[PDB]
Protein chains: 2
Amino acid sequence: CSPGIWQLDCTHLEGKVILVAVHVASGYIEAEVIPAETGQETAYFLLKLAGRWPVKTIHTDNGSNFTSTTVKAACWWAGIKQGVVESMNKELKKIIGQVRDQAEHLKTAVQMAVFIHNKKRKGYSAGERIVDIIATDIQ
Amino acid sequence: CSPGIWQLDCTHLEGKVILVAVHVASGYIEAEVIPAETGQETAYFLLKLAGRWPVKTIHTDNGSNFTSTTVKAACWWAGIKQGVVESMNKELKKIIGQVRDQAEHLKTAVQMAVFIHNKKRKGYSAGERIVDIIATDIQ
Ligand SMILES: Cc1nc2c(ccn2Cc2ccc(F)c(F)c2)c(-c2ccc3c(c2C)CCCO3)c1[C@H](OC(C)(C)C)C(=O)O
Ligand SMILES: Cc1nc2c(ccn2Cc2ccc(F)c(F)c2)c(-c2ccc3c(c2C)CCCO3)c1[C@H](OC(C)(C)C)C(=O)O
C-alpha cells in the first residue's frame, strides 16, 4: 500500500526477543535482537528506523507495544503517527532456522536471515522494491 | 563516486565508541554506539549494513580495523571487497553536540543526529540521494 507504512512486532526465539520491522509495500525487513521487550528498546529502534527511511505510520499486531512514554516521545519527535506482514515474518523465521547452525549467536543468524530475505528475487527483491518505491514517491 | 562504496570509521565520545558508516556517493549515514572498538562489533555492523544496502566495497581511515577473522568472515559471506567522508563525519559530530542535552543517553543523541543529517536538504537530502542513486543503478 502506502510507502511510509511499517509494521513492527516482536518474536521470541531461544529466550531472546527479535524486533522485526516490515515495510508493508515492499516486504523489506529490518531486525534487531533486543535483551527484553521494553518501551525503551522499541523507542530506540524507531529512532534508528526513522533516520534511515521516510517513516510516516507504524502498525503492529500488539497495540499495547506503543503505550510507553518513551515510544510516544520517539514518534512525536520523528513525526510518526498510529497477508504480506504475516508472510514476511514466516519467511524470516524459516530462514533463521535454515542458517542457525552457521553461527554461534542468534543475532548473527538473524542478520544473515534479513540479508537472505531482502536479496531474494520474487522479478525484483524486497531490497530493490523498497528503494524503487521510495525513489518514485520522492520524484 | 560508485554506489556500492561505504566508508566505516569509529569516533570516540564520552568514553563510548560510535561506528559511523558513510555512503560516499550520497553522504547518507548509518551509525551505532558500540561498547568497545572490536572486530566482532565491526563484523556484526557490516552484516546489518550489507542486508539493507548493496554493499560492494568498504573504505576506512584505519586499515587495521579490518584484520580480524570475524570481519574477514562477514565480508566473505556478504561478498564485500577492500573531502566528502571528512565533511559528513564533521557535520554528524556538530549535530550530536547541538542535540546532546535533549537526551539522557549518548546513543539517543547519536540517532537524533543521524536523522537530522540524513533529512537535511543540501536540492535533495542524503536520504533522498541514496535511494535515487541505488534505484537508478538497479534500473
Ligand atoms: C562469534 C563469531 N566468531 C567468529 C566468526 C568468524 C570467525 N570467528 C572466530 C572463531 C574462531 C574459531 C572458532 F572455532 C570459531 F567458531 C569462531 C563469526 C562470524 C562472523 C561473520 C559471519 C559469520 C560468522 C560465524 C557467519 C556468516 C556471516 O558472517 C562469529 C559470529 O559473531 C559475530 C558476528 C558477533 C562476530 C557468530 O555469531 O558466530
Ligand atoms: C531514557 C529516556 N527516557 C525517556 C524518554 C522520553 C521519556 N522518557 C521517560 C522520562 C520520564 C521522566 C523524566 F524526567 C525523564 F527525563 C524521562 C527518552 C526519549 C525517547 C525518545 C526520544 C527522545 C527521548 C529523550 C528525544 C527525542 C527523540 O526521541 C529517553 C531516551 O532513551 C531511549 C531512546 C533509550 C528511550 C534518552 O536517551 O533520553
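Basis for what follows: all heavy atoms, side chains included, without hydrogens, waters or symmetry-related copies. Chain identifiers are assigned alphabetically (A, B, ...) following the order of the sequence lines, protein sequences preceding nucleic acid strands; residue numbering begins at 1 within each chain.
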Sequence-distant partners of B:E104, side-chain contact (heavy atoms from CB on, under 4.5 Å), two or more places apart: none

Does one side chain, of B:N89 or B:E91, offer a donor that lies under 3.5 Å from an acceptor on the other? no

Parallel, tilted or perpendicular: ring planes of B:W6 versus B:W53, cut at 30 and 60 degrees: tilted

As a test of understanding, state which of A:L49, A:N65, A:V20 forms a side-chain contact (heavy atoms from CB on, under 4.5 Å) with A:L8. A:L49

So that I can tick it off, tell me whether A:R52 and A:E30 are bridged by a salt bridge, with the cut-off set at under 4.0 angstrom between side-chain N and carboxylate O. yes

Is it true that atom NZ of B:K16 has more than 12 heavy atoms of other residues, nucleotides or ligands lying nearer than 6.0 Å? no

Spell out, as yes or no, whether a donor-acceptor pair under 3.5 Å connects the side chain of B:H117 to the backbone of B:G27. yes

Less than 3.5 Å apart, any donor N or O on the side chain of A:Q7 or A:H23 sitting next to an acceptor on the other? no

Any idea which heavy atoms bring A:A109 and A:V99 closest together, and the distance? O-CG2, 3.7 Å

Please report the C-alpha distance between A:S125 and A:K120 in whole Å, then the side-chain angles of each, then the deciding distance to 0.1 Å, and finally whether the side-chain contact (heavy atoms from CB on, under 4.5 Å) criterion is met. CA-CA 5 Å; A:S125 66; A:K120 200 124 78 191; 5.7 Å; no

Look only at the side chain of B:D9 and the backbone of B:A21, and say whether a donor-acceptor pair between them is shorter than 3.5 Å. no

So how far is it from A:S26 OG to A:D132 CG, rounded to the nearest 0.5 Å? 10.5 Å

Between the side chains of B:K48 and B:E32, is the shortest nitrogen-to-carboxylate-oxygen separation below 4.0 Å, so that they form an ion pair? yes

To the nearest 0.5 Å, what is the distance between OG1 on B:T11 and CD1 on B:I18? 6.0 Å

Judged by atom type as modelled, is there a donor-acceptor pair below 3.5 Å linking the side chain of A:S2 to the main-chain atoms of A:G4? no

I'd like to know if the side chain of B:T136 reaches the main chain of B:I133, judged simply by a donor and an acceptor atom lying under 3.5 Å from each other, with no hydrogens or angles considered. no

For B:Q82, does its backbone N or O pair with a side-chain atom of B:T57 as donor and acceptor, under 3.5 Å? no

Hey, are A:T60 and A:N62 close enough side-chain-wise for a donor-acceptor pair under 3.5 Å? no

Residues at least two apart in sequence or cross-chain that pass side-chain contact (heavy atoms from CB on, under 4.5 Å) with B:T42, listed by chain then number, are B:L19, B:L46, B:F66, B:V71

Go through it in stages, so that I can follow the logic: the residues are A:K119 and A:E128, the test is side-chain contact (heavy atoms from CB on, under 4.5 Å), and I'd like the CA-CA distance, side-chain angles, deciding distance and then a yes or no. CA-CA 8 Å; A:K119 286 208 176 236; A:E128 286 171 336; over 6 Å; no

Do you reckon B:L13 sits in the same ILVMFWY cluster as A:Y44, going by side-chain contacts under 4.5 Å, direct or chained? no

Should the pair A:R100-A:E14 be classified as a salt bridge under the 4.0 Å nitrogen-to-oxygen rule? yes

